[PDB]
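Letter by letter, the chains look like this.
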There are 2 protein chains.
Amino acid sequence: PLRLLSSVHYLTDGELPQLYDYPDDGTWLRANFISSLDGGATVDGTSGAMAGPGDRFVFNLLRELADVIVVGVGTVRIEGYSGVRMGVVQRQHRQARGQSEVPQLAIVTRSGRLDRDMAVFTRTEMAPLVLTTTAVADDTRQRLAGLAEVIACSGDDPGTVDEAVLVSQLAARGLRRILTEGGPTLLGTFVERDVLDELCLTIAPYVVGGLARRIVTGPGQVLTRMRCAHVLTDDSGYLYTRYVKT
Amino acid sequence: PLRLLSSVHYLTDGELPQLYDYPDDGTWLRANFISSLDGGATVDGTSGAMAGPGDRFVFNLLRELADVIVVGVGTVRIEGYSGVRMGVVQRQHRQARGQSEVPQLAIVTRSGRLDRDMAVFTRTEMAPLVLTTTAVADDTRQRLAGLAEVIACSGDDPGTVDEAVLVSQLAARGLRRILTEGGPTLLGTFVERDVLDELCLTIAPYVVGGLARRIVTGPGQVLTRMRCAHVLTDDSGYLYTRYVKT
Ligand SMILES: NC(=O)c1ccc[n+]([C@@H]2O[C@H](COP(=O)([O-])OP(=O)(O)OC[C@H]3O[C@@H](n4cnc5c(N)ncnc54)[C@H](OP(=O)(O)O)[C@@H]3O)[C@@H](O)[C@H]2O)c1
Ligand SMILES: NC(=O)c1ccc[n+]([C@@H]2O[C@H](COP(=O)([O-])OP(=O)(O)OC[C@H]3O[C@@H](n4cnc5c(N)ncnc54)[C@H](OP(=O)(O)O)[C@@H]3O)[C@@H](O)[C@H]2O)c1
Ligand SMILES: COc1cc(NCc2ccc3[nH+]c(N)nc(N)c3c2C)cc(OC)c1OC
Ligand SMILES: COc1cc(NCc2ccc3[nH+]c(N)nc(N)c3c2C)cc(OC)c1OC
């Protein structure tokens, strides 16, 4: 009942985007994470040390394919997010697909307690969205006037983000091809709200020991079954997986 | 730089053991764990809910190949370990390889605070080892007389297990082909002591949310690079990976 996986194909620059195609229509929330073999999401507090050239390449590709990159403010601070960068060819590909040259960043915050000073606001070609609650949306909008488009993403509860609503507000703005890059709290909520369509997971060929948190945190205990759409690899033993919710 | 992995081979019952062969000589500490896509080691407190027929098959195979199955007492209690079971054919294969019919269980405990009552002691064809410290080995041996062979596994510090010493004591008893099945504390120590030779990791196609711990816990922060030896899959989207320390 077991099948050996082997490299059967070198992916061309044209085929790789195809493997990570978004659906033709409808919203699609894709997550891109990286974790060690022993499930650690961080090395020395952040994820980058696990990411080699292969993962950076995939990471940048998923950004290139996304209409919008949604990230928790925690990751934004910790990973030092600034504006999404797109190279000339990336911009060309994006135009060819009917997309803006650079995907927007969307920072998720229940508190809305974002400072005007952040690099997500400062070092950015594209002004970012701030996805927050109905309760704080107005004060946040005022505080962040000129810096970010503040969008209330509450459903029934004005004090919380409803993640389905969040996805919908993005789509409503024509940002239906969503990529989230974390963090584990945000991902946890997406998973709990059952709005995660796809998880692209780089499995870095490291064990990192017990300190690191997982790529999902929170009190949530779910068991969402996913289908393995693909596994890619590179010469360094990384697995670039793509799982789609069943 | 990216290669697509695909199933290229259906593994026969003869080839599968070959993929998980131990080295011809020397000690080899292999770990077998299972984790969800989001790095969770447990569902509802234990690992079994993530394990389908494929993982059980691999799990049983690794047991069949091992001279000894080393587990923390935590896992022993929580997963309700009793004696290793071997079917007739499993025993035959084991004999053919020069191995005893059933691998021993080795329970690791720094405290040595094991009760005579446990199923590891009671429902077992083979009496298990208790790998513990020099400091408690004697009282533990007395307490567990007739139930378990108690082995002191301290190196410099009589109050602790030295995991290299643990591996050595096993080999010393002709149990050089070691399988550890956990838990995360034990695995954490193996990883910290740098004695983990190989990690066989089932990646179950689930996200489980933030509650679960990882397959490694502890204060440890390492970055042990591993080489991806193989990835198998089944029809249900599980990845059966084998990584070998570089
Ligand atoms: N290995 C990987 O792939 C990966 C990927 C990303 C991040 N990381 C790492 O994980 C760490 C950060 O963890 P984190 O959990 O704090 O990241 P995070 O989820 O990005 O940040 C948490 C914050 O974002 C907001 N948030 C998240 N979900 C929300 C929701 N459903 N509704 C409203 N607000 C929401 C909240 O902000 P407010 O407090 O303002 O309400 C929350 O406090 C960093 O160390 C980073 O390196 C790893
Ligand atoms: N997903 C998976 O593949 C997988 C695999 C195994 C277990 N699990 C799960 O993980 C959980 C158990 O976690 P756990 O960390 O408590 O398991 P554990 O490592 O098996 O148990 C911990 C105990 O074993 C002893 N121990 C471990 N390492 C030691 C060392 N280097 N030296 C001396 N003693 C050592 C200690 O016993 P003393 O206190 O007596 O000193 C320690 O308290 C369960 O929920 C189980 O389901 C999951
Ligand atoms: C400044 O913005 C950036 C932030 C980060 N943060 C760390 C980082 C690294 C690898 C990653 N790899 C995957 N698979 N998924 C992630 N979620 C991820 C993250 C979160 C990494 C960047 O380069 C890869 C980057 O530049 C665009
Ligand atoms: C009674 O002993 C047993 C204990 C367990 N415990 C849970 C369990 C399940 C799947 C697993 N799968 C892998 N890849 N690695 C593990 N470490 C593992 C464990 C730890 C599972 C058993 O059946 C699979 C079993 O019977 C032999």
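Residues numbered from 1 in each chain as written, not as in the entry; some residues may be left out. Chains lettered and ligands numbered in written order. Heavy atoms only, no water. Residues with missing side-chain atoms left out of burial classes, pairs and counts.

### A look at the pairing of strand β10 (residues 224–233) of chain B
Our working definition: By the convention used here, strands pair only if DSSP detects at least 2 bridges between them. Only DSSP runs of H or I covering at least 4 residues are called helices, and only runs of E covering at least 2 are called strands; the numbering of each starts at the N terminus.
Taken together, the three bridges between strand β1 (residues 3–10) of chain A and β10(B) define a ladder with antiparallel strand orientation. Paired with A:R3 across the two strands is B:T233, which belongs to β10(B). Between β10(B) and the antiparallel strand that follows it, strand β11 (residues 239–245) of chain B, lie five residues; B:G237 among them carries a positive phi value of about 85°.

### Structural notes on the side chain of A:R176
The condition that has to hold: For each residue, the accessible area found with a 1.4 Å probe, counting protein chains only, is set against the maximum for its type, and the residue is called buried under 20%, exposed over 50%, and partly exposed in between. Charged residues are defined here as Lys and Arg on the positive side and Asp and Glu on the negative side; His and the ends of the chain fall outside this count. The salt bridge criterion pairs a side-chain nitrogen of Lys or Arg with a carboxyl oxygen of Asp or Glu, the two atoms within 4 Å.
Position of A:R176 relative to the elements: it lies in the loop between α7 (163–172) and β7 (177–182). As a buried residue without a salt bridge, A:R176 has its nearest oppositely charged side chain in A:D67, at a separation of 5.0 Å.

### Describing the site of ligand 4
Residue and element names in this part refer to chain B. How we decide: Note on definitions. A residue lies near a molecule or strand when any single heavy atom of the residue is within 4 Å of it. Within 3.5 Å is the distance limit for a polar contact, defined as a pair of N or O atoms, with the added protein rule that one can donate a hydrogen and the other accept it, and that residues adjacent in sequence qualify only through two side-chain atoms. Using a 1.4 Å probe, the Shrake-Rupley method yields the accessible areas, and only the shown protein chains count as cover for residues.
In the vicinity of ligand 4 lie 13 residues, with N32, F33, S47, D55 and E79 positioned nearest. Between ligand 4 and the protein, one listed contact pairs a nitrogen atom with a side-chain N or O atom of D55 at 2.5 Å. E79 places a side-chain nitrogen or oxygen 3.1 Å from a nitrogen atom of ligand 4. Coverage of ligand 4 by the protein amounts to 84% of the 560 Å² it exposes when considered alone. Only β2 (28–36) and α2 (53–65) provide two or more residues apiece to the shell around ligand 4.

### Quick look at the UniProt feature "binding site: NADP(+) 2" (unreviewed entry) in chain A
All names here are of chain A. Quick reminder of the rule: UniProt positions are given in the numbering used here, feature names are shortened, and annotations may be inferred rather than shown by experiment.
With numbering aligned to this structure, UniProt lists the feature "binding site: NADP(+) 2" (unreviewed entry) at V73, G74, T75, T109, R110, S111, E163, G183, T185 and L186. Looking at where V73 falls in the secondary structure, it is placed in helix α3 (residues 73–78). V73 gets classed as buried once you look at its relative accessible area, which sits at 12%. Tracing the sequence through the fold places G183 in the loop between β7 and α8 (184–192).

### Concerning the interface of chain B and chain A
The line we're drawing: Only heavy atoms enter the contact rule, under which two residues are in contact if any of them lie within 4.5 Å. Once two parts are put together, the accessible area they lose, assessed with a 1.4 Å probe and summed over both, is termed the buried area. Note that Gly is not counted as nonpolar here; it falls among the polar residues with everything else outside the nonpolar set of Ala, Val, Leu, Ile, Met, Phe, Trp, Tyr, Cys and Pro and the charged set of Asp, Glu, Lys and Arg.
Each partner contributes to the interface: chain B provides 60 residues, whereas chain A provides 60 residues. For the pairing of chain B and chain A, the buried interface totals around 5700 Å² over both sides, and the portion due to carbon and sulfur atoms is 63%. Its largest share of buried area at the contact with chain A, chain B owes to B:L2, B:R3 and B:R214, together 16% of the area lost on that side. The residue B:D235 makes a salt bridge to A:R3 at a minimum N-O spacing of 2.3 Å. At the junction of chain B with chain A, the criterion picks out 39 residue pairs in polar contact. Mapped by element, the contributors of at least two residues to the side of chain B that touches chain A are β1 (3–10), α2, β8 (198–204), β9 (206–207), β10 and β11 of chain B. Grouping the constituent residues of the side of chain B that touches chain A by class yields 34 nonpolar, 18 polar and eight charged.

### A short note on the site of ligand 3
Residues and elements named next belong to chain A. Around ligand 3, a shell composed of 13 residues is seen, among which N32, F33, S47, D55 and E79 lie nearest. Residue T202 places a side-chain N or O atom 3.3 Å away from a nitrogen atom belonging to ligand 3. Contact with the protein chains removes 84% of the 560 Å² of surface that ligand 3 exposes when unbound. Listed by contribution, the elements that provide at least two residues to the shell around ligand 3 are β2 (28–36) and α2 (53–65). Across the shell around ligand 3, the residue classes tally to five nonpolar, four polar and four charged.

### A closer look at the packing of α2(B) against helix α4 (residues 88–96) of chain B
All names here are of chain B. What counts, and what does not: Angles shown run from 0 to 180 degrees and are taken between the N-to-C directions of axes, each axis being a line fitted to C-alpha atoms and, for helices, limited to the stretch in contact. The hand of a helix crossing depends on one turn: near helix anticlockwise from the far one by less than a right angle means left-handed, and clockwise means right-handed.
Running from amino to carboxyl end, α2 crosses α4 at an angle of 40°, the nearest separation of the two axes being 9 Å. Seen along the crossing, α2 lies across α4 with a hand that is right-handed. Contacts between α2 and α4 pair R63, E64 and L65 from the former with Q90, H93 and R94 from the latter. Residue classes in the contact of α2 with α4 are distributed as one nonpolar, two polar and three charged.

### Focus: unusual backbone geometry
For the bond running from A:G182 to A:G183, omega is 0°, close enough to zero to count as cis. Positive phi outside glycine occurs at B:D44, with the angle close to 55°. With respect to the helices, strands and loops of the structure, B:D44 is situated in the loop between β2 and α2. One non-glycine residue, B:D194, lies in positive phi territory at about 60°.

### Topic: the environment of B:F33
Residue and element names in this part refer to chain B. For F33, the position within the fold is in strand β2. Separated by 182 residues in sequence, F33 and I215 place their C-alpha atoms 6.8 Å apart. In contact with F33, not counting residues within four places along its chain, are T180, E181, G182, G183, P184, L187, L199, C200, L201, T202 and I215.

### Re the packing of aromatic side chains
Selection rule: Paired rings are identified among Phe, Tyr and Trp, the last through its six-membered ring, by centres lying within 6.5 Å, and are further divided according to the angle between planes into stacked (under 30 degrees), edge-to-face (over 60) and tilted (the rest). Only when the NZ atom of a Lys or the CZ atom of an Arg is both within 6 Å of the ring centre and within 35 degrees of the ring normal do we say a charge sits over the ring.
In this structure the tally under the stated criterion is four aromatic pairs over all chains. With centroids separated by 6.0 Å and ring planes inclined at 10°, the aromatic side chains of A:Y238 and A:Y240 adopt a geometry described as stacked. A:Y238 sits in the buried class, given a relative accessible area of 5%. For A:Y240, a relative accessible area of 1% corresponds to the buried category. The aromatic ring of B:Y206 is capped on one face by A:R225, whose charged end is 6.0 Å from the ring centroid. Here the guanidinium or amino end of B:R30 rests over the ring plane of B:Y22, the centre of that ring lying 4.3 Å away.

### Focus: the pattern of salt bridges
All chains considered together, the criterion is met by 28 salt bridges over all chains. The shortest N-O distance in the salt bridge between A:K245 and A:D194 comes to 2.8 Å. Here A:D194 lies in the loop between α8 and β8 (198–204) and A:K245 lies in strand β11 (residues 239–245), a separation of 51 residues in the sequence. On the basis of relative accessible area, A:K245 is assigned to the partly exposed category, the value being 24%. The exposure class assigned to A:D194 is partly exposed, which follows from its relative accessible area of 42%. The residue B:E181 makes a salt bridge to B:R63 at a minimum N-O spacing of 2.6 Å. On the criterion of sequence distance, the pair formed by B:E181 in strand β7 (residues 177–182) and B:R63 in helix α2 is long-range, its members being 118 residues apart. When its relative accessible area of 7% is taken as the criterion, B:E181 is described as buried.

### Examining the relation of the copies chain B and chain A
Counted only if it meets this: Remark: copies superposed by least squares on C-alpha atoms.
Expressed as a screw transformation, the operator carrying chain B onto chain A has a rotation angle of 180° and an axial translation of 0.0 Å, and the superposed copies differ by an RMSD of 0.0 Å. This pairing of chains is accounted for by a two-fold axis. Considering only C-alpha atoms, the residue of chain B closest to the rotation axis is B:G39, which sits at 2.1 Å.

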